[PDB]
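Heads up, the chain below is alone and in the form whose entry title says "closed form"; it's given as structure tokens.
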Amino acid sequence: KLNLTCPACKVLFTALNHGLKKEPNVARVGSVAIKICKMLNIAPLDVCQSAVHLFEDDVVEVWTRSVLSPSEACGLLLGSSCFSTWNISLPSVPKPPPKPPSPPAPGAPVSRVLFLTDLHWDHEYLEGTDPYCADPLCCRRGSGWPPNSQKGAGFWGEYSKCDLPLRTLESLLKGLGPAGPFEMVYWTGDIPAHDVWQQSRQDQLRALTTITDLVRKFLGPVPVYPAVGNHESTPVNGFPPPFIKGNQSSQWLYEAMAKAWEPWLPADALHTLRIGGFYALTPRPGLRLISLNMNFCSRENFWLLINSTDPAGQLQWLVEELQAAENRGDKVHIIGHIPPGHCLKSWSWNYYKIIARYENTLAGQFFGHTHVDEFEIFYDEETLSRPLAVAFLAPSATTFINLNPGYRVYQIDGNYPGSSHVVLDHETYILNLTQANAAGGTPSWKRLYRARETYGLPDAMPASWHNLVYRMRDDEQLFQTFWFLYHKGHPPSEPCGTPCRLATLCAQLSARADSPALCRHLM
């Protein structure tokens, strides 16, 4: 026991964790925290110096606490004095024995799938403004001007906490020629910018109509299959389950999507889309595309306080779609915005259980939301050792934060009977702002890398990505590459030390939220 109250403990972790974000050592930061404790009379210094001694005696205990923040660490140290359970009904049909997808045979075609996510169009982006304003979003009207001649916001964007003007997005679509042709496109939400404090419903629908028409303009007859992001509504993250009716429901948003996305989605899809913002359709024989609204898994969605149990019956709906694909022989692609690893515990554990059951039917999982080049591996529930699926977390088109613009393209097993529809390889394209915003610089999108090439993989199967993680656990050079691509070729100046490495690698193995057992082989 420590004579340390709940708010008191939060002041220390604040002054420490904020300090540990760039300060070289713990000692100097430890002194600041003790001085804070003294100046404000927050607690007895013996207790304060005892807490600093524990918060990070070594980085290991804190390596587990890499996720932990003040409220999260205090609860564990103080106790209870400082989210419901539920699960899904799986059909009684016995699980087919696991068998890997057969590699494509000679002559089997390939298909290219463009993947767009996190475009975050800022209607108010303005060149020359201050990229480091006080607001959560800058490079826009109201952020001010730079101080004493410092460089303002770049023309095509900036490496800061800023989003993109329409110019950079129009430039992205126009230069897709070399990346295609595309059989279809996946678009996992987050269309508006991060100007939350001034997002009316008119603004959000303006971003939907404006970007939808733009995408449709440069893709033309190619179908685009979108998924609902967490910024698409106002207030942000607020997606009430369909049991809420009236002007406070998300119908203003869902009925606007069904109208804007009608060219791409069939009747049955729009039906569910209007109700809960999710749908399922058949884009080609043998394949079933399922678009999930991961806002109903979101931690920021305050609406789930009413009933966080499978909101909208989506997972139960997902199970039915998956089980029907299994009986039919089809394979499944799931698209969403928030990756399952970032979901609420119950929702995530149930999704993890669903993916484990239908491993032979699932051929691809695609998400975004992280804005960086990541991937989440799923393991068998019985032993948590056989990688059986992969969720590719594509990088954002926007710069938010301190990143290069970029999109993703997937090579999948082609459109033919018996195909596995699995991802065979993928590529990432970027816009190099340092060259585009420079005097005389012109937009030129280039292929950053191809996965199988840089990583030397035999394929894009779960076992290969599983083997790529532990190769990076022991190969500092192979991880730096991944770390370089992680940020779309614009890493932070802060090198990723051995605690950062294992933390990043632990994210690659944690497709289930709150499961430390998934990273037991990292130290």
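So that the term is clear: the rigid core is the largest set of C-alpha atoms that superpose within 1.5 Å between two forms. Numbers follow the displayed sequence, beginning with 1.
There is another form of this protein, the form whose entry title says "open form", and it is not shown here; the text below is about that form.
Core-based superposition between the shown form and the other one leaves all of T498, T454, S66, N467 but one with CA shifts under 2 Å; the exception is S66. Relative to the superposed rigid core, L485 undergoes a CA displacement smaller than 2 Å between the shown form and the other one. Once both forms are overlaid on the rigid core, the distance between the two CA positions of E23 between the shown form and the other one is 2 angstroms or more. Core-aligned CA deviation for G128 between the shown form and the other one: less than 2 Å. Cα of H18 to Cα of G142: at least 3 Å longer in the other entry than in the shown structure. An increase of at least 3 Å in the separation of the C-alpha atoms of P136 and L68 is found in the other entry, compared with the displayed form.
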